[PDB]
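> Below is a structure I'd like to ask you about.
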Amino acid sequence: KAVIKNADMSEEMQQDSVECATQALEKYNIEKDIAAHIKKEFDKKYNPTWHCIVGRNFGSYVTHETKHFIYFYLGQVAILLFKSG
Amino acid sequence: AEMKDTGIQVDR
């Protein structure tokens, strides 16, 4: 049950975020590894440089390229994926 | 090229 809280990317790039995060959740138990999976995939499919944060409790402030930002809920975790550089 | 500064708070 994905829930988009704040998206800036295209409906297509947005679908790839959810899907990609889904596979990582089906595979990894540790947030850091889930974050890595998603980051590495986006660096590949959409070129560097991306950054990913996964967790249940945190606040952040970042600088990103417009149309390249997404914050959403998947499972009981929240994912912040964005490109800068 | 066209940057934005965004903050997010997570408490689920």
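Just so you know, all these numbers are worked out from the coordinates, no wet-lab data involved. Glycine also receives a Cβ, built like all others from the backbone with ideal geometry; neighbour counts cover every protein chain displayed.
> How charged is the neighbourhood of A:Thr66? Take every other residue with its Cβ under 15 Å from the Cβ of A:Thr66, and add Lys/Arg as +1 and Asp/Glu as -1.
-1
> Hey, another quick one. Using only the alpha carbons, work out the radius of gyration and Dmax of the stretch A:1-61 in angstrom.
Radius of gyration, then largest Cα-Cα span, for the stretch A:1-61: 11.5, 29 Å.
> Moving on to the next point. Report, in degrees rounded to the nearest 10, the 0 to 90 angle that the Cα long axis of helix A:31-46 makes with the longest principal axis of chain A.
It is inclined by approximately 30 degrees.
> Counting other Cβ atoms within 10 Å, which chymotrypsin sites (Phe, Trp or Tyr not before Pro) in chain A have at most 16 and lie in a DSSP loop?
On the way: sites: A:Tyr28, A:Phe42, A:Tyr46, A:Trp50, A:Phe58, A:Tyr61, A:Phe69, A:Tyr71, A:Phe72, A:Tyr73, A:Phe82; in loops: A:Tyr28.
Of the chymotrypsin sites (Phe, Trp or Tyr not before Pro), the ones in loops of chain A whose Cβ has at most 16 other Cβ atoms within 10 Å are A:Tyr28.
> Just A:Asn47, A:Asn57, A:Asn29 to compare: in a GNM of chain A, with alpha carbon springs under 10 Å, which one fluctuates most?
A:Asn57
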